[PDB]
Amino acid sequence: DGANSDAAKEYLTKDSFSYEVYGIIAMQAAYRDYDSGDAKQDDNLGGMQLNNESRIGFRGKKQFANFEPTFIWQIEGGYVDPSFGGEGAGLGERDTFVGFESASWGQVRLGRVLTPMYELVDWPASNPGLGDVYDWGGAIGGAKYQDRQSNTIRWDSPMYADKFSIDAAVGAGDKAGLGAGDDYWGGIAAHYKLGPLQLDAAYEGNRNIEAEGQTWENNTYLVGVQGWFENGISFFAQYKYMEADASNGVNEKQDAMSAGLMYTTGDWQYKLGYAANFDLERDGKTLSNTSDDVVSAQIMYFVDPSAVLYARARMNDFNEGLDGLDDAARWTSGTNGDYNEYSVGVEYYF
């Protein structure tokens, strides 16, 4: 089977030992206390779980004899036993790609990677534990952006003048990746280092998204700043603007923000985070109680150059629900209800 059967194994010279095994060992013991309005649902969803986000990966680089740009590849496994999921992950569930790099024009990757917009949403703005609100939270229809996405081509520019970089990507959408749709998206992000500050801007457009009986277009915009000061204080702040248009003329808009404050001293880092989605507006009308927010606190100990220990507490306050354009409830990260979470964890890199 496959594009060339096992011919590579029969005719090519094996490049023995040209790989690296790597892994992130990551365990979070997390107790969730839900307040959904239903005592049984709270008992099911809440309680103590172990969130095992350990993963194994393989990666390598190769200088082909007949081609100047260096070939790069990566295959990274999924989380081996996350909370709320069964055990076991396949290889290739996380960033998994081939590509080429050259110091002059940067790096082009093909495969499964983070979109330029999602990368900024994810880090720094989803940490610590802000992601239920800022990453995959929100009430807007269609697809505000992809996150980790297969069938993508992504270009990461060089760091021009040691100060300015661009990431650009296009790819197939989720249904298109199964031969079940013709959705697609394109995106671009830019970063500018201004001394102790970094400026970020990003865009993503999704097209031909099928949902709630309509076809959707989404456009999402993001601006952010990150900074670190000499007294050990650092911060980030991000503003995010989401627009969606359905094929029946319905328009939706929602915006969001995320901010974080960190104090690093010695082997310790203290962190506070806040994120909110504001009320969704549909066809000029504000939908009441469609906002979300989360406040988070974290203390982290640099127990080793390769590892951290941390404790975290957060409070999620979600929207009360809304209907999509087909008169059914629209799923959001608030569907299961509000909760608080107390957790301790370890992360280790080999």
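Residue numbers run from 1 along the displayed sequence.
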Going by the entry, of stretches 229-237 and 85-93 the one with greater average Cα B-factor is 229-237
Given 34-42 and 316-324, the range whose Cα B-factors average higher in the PDB entry: 34-42
Checking the record values for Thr220, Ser126, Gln254, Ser104, which has the greatest CA B factor? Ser104
From the list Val113, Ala143, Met262, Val121, select the residue with the highest C-alpha B factor recorded in the entry. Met262
Looking at the C-alpha B-factor of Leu287, is it in the lowest, middle or highest third of its chain? highest
Using the temperature factors of the C-alpha atoms in this entry, rank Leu194 within its chain: lowest, middle or highest third. highest
Based on the deposited C-alpha B factors for this chain, I'd like to know if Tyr339 is in the lowest, middle or highest third. middle
Of the three thirds of its chain by CA temperature factor, lowest, middle or highest, which one includes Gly173? lowest
For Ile25, the third of its chain by CA B-factor is the lowest
